[PDB]
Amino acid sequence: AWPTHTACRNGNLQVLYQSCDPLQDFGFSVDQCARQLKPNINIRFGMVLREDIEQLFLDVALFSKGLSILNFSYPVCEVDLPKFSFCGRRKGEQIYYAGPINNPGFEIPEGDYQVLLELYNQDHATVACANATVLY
């Protein structure tokens, strides 16, 4: 299986992830690691696309002690609204993004959690998959 990378490490806080796309790994990092996540945080991302992303969606499922908690879906790129400069890139293009995502602020209650993140396009093709662990 793919290696477990460290998205970040401030103090006792740290966020680990590993790619659950069997075809490839990818590179991800967050810039400030804090309990109090500011809004409009900055990320870094490095990957080669295996699908066109004119339409691109994010699914997030959050887990605690193997049972589940919150599920949502948000669109990143839509035909009538590319939110990001990288929208509408083609399958086969390499990407490096270093910039903001538009997250509202939120805390994270203390506790060890596993988050499962999935980026996919309109045909439900996998663009990227992270099995992530947040450690308090």
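Residue numbers here begin at 1 and follow the sequence given.
With 111-119 and 18-26 compared on mean CA B-factor from the PDB entry, the stretch scoring higher is 111-119. As recorded in the PDB entry, 8-16 is the stretch of 120-128 and 8-16 with the greater mean C-alpha temperature factor.
Take 100, 39, 46, 88 and read off each C-alpha B-factor from the entry; 39 has the highest. You'll see in the entry that, of 53, 33, 95, 60, the Cα B factor peaks at 33. The entry lists a Cα temperature factor for residue 72 that places it in the middle third of the chain's modelled residues.
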